[PDB]
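The chain below stands alone, shown as structure tokens; this is the form solved without this ligand.
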């Protein structure tokens, strides 16, 4: 119904954070960009890395903010505002504590669940939460006190691999996501198993 015009992948910038769990969304957008032969260009105007490709006669943009995670909204709002992109045409990929490694799910709207990247995006988009999310499971450490260290850590190999698998599964439903056929994307995706 509403074609996706912007896919955002959340993560923290720079070497200490690279390959950390909290960068799951960025990894997805990096994988996507490589698979589609899209270059991600560093563009200070959008506070991130930005790429573009054409699908069905429309430009689709890829964005990896290079703000810190808590200021990701600044990047999304810059780019979506400049191109007059409505929240309903945005997909945000992010790490999801509430699903284990190997599981990816889609969701439309709702809250941030304490994800401070999502929280900033909702805030910056003028309290619009009606964007779509690709939730990439990273597991939960099992107490709230452990969550900061966990998301900012490098998962062991087994969990990294399972994340990669769930990213492949989500790439499998790219055609649906781009078209905005969230119902079909969800049936296909939510039916997979790592």
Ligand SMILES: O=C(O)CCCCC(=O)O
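Just so we're on the same page, rigid core means the largest C-alpha set that superposes within 1.5 Å between forms. Numbering follows the first chain given and starts at 1.
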Which of 95 to 103 and 120 to 128 lies farther from this form in 8 other deposited structures of this protein, as RMS of C-alpha positions after a rigid core fit: 120 to 128
Which has the higher mean CA temperature factor in the PDB entry, 127 to 135 or 62 to 70? 127 to 135
Which wins on mean Cα temperature factor, 45 to 53 or 143 to 151? 143 to 151
Residue 112 - which third its CA temperature factor falls in, relative to the rest of the chain: highest
According to the PDB entry, is the CA B factor of residue 30 in the bottom, middle or top third of its chain, that is, lowest, middle or highest? lowest
Quick check on the deposited entry: does the C-alpha B-factor of residue 9 sit in the lowest, middle or highest third of its chain? lowest
For residue 86, the third of its chain by CA B-factor is the highest
For residue 179, the third of its chain by CA B-factor is the highest
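Same protein, other form: the form deposited with this ligand bound, not shown, and the subject of what follows.
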TL;DR on 88 to 96, 101 to 109, 120 to 128, 74 to 82: the one with heavy atoms within 4.5 Å of this ligand in the deposited bound form is 88 to 96
Of 62, 151, 27, 163, the one that lies within 4.5 Å of this ligand in the deposited bound form (heavy atoms): 151
Quick check on residue 41: any heavy atom within 4.5 Å of this ligand in the deposited bound form? no
Taking heavy atoms only, is residue 35 within 4.5 angstroms of this ligand in the deposited bound form? no
